[PDB]
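Before any questions on binding or motion, here is one chain by itself as structure tokens, the form deposited in one PDB entry.
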């Protein structure tokens, strides 16, 4: 996500309880709970031992939400965006490297620091997620697998009014333009809410409380799609945008050295990357639960060629998208693994 984003914007946060959303619909970044629940069984997962502790963990928050008369929508990650296909396979190996230290330290007498490495060799698989889905469906709780990043899917549900808020631990959800976010929510419903309208109560931001500018700042500060120019963080990135009153972000970026009173030359690999990163936050493919069709997160503008946005995600027959979204089609093999039909229940 965005390094230190929450701390930068903490002026816009607010302690709340989920009861607040009684009678309403809330989308969940279920992965966050999955990872946390995976912690309790990192050891067992590695040895291939049969563990389901992360399922019960996810259900604890789910049943907490239901007990307060809340309608949860569990959203899950899907395929890996092109353009991060590489940056991700990269983790594949480092996540396997840390799984090596555990095994040696466990056979030395140290079982205390060996375990610290297993938490970092934790691999949240699709099969693990599918288990959680079966549990949720069994309590009548709706589940939705995003075509690509749950971030965009979650953002879409919120902007479309399907859900009134999003429960997540992820910072760069705001960058996708979602209105209400609930961070740090615990088992009992005590969370820390961030409303997009309260961005204006951040002095540090100043004039960059608009969604477009807020997004430019986040990217300049350094996102997943594009690392920032080294020496640029939230404050500097904010400063540039908060200073240059020019609707032409392209020309603005090429003057970064001028605004910061620094001396940086704006490479070519970055100006293009910013355009792509931006197109990824705007137009990443999501699934419209209502019509049942694959769509971009935002309607295309008049200055965007859709045929060039393969890096934000590739389309598929809406039927294929439906089976993936329902959690029937395996992500990697595109091989059906379940026979679930939302219409018949």
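Rigid core (definition): largest C-alpha set, two forms, superposition within 1.5 Å. Positions refer to the first chain, counted from 1.
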* To do: Could you check the entry and say whether 301-309 or 60-68 has the higher mean CA B-factor?
  => 301-309
* Is the mean CA B factor in the deposited entry higher across 110-118 or across 71-79? -> 110-118
* **Residue with highest C-alpha B-factor in the PDB entry, from 104, 227, 164, 190** => 104
* Asked: If you check the C-alpha B-factor for each of 211, 172, 269, 195 in the entry, which is highest?
  -> 269
* Within this chain, which third does the Cα B-factor at residue 294 fall in: lowest, middle or highest? -> middle
* Structure fact -> Binned into thirds over the chain's modelled residues, the C-alpha B-factor of residue 282 lands in the lowest
* Determine, from the deposited record, the chain-internal third of the Cα B-factor for residue 55: lowest, middle or highest. => middle
* Comparing residue 98 with the other modelled residues of its chain, is its CA B-factor in the lowest, middle or highest third? -> highest
* Asked: Taking the C-alpha B-factors as the PDB entry records them, is residue 29 in the lowest, middle or highest third of its chain?
  -> lowest
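There is also a form deposited in another entry; it is not shown, and the following applies to it.
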* Asked: Any idea which of 231, 140, 109, 247 has its C-alpha shifted 2 Å or more between this form and the one not shown with the rigid core fixed?
  -> 109
* Examine residue 121 after superposing the rigid core and state whether its CA is displaced by 2 Å or more between this form and the one not shown. => no
* **Cα displacement of residue 90 between this form and the one not shown reaching 2 Å, rigid core superposed** => yes
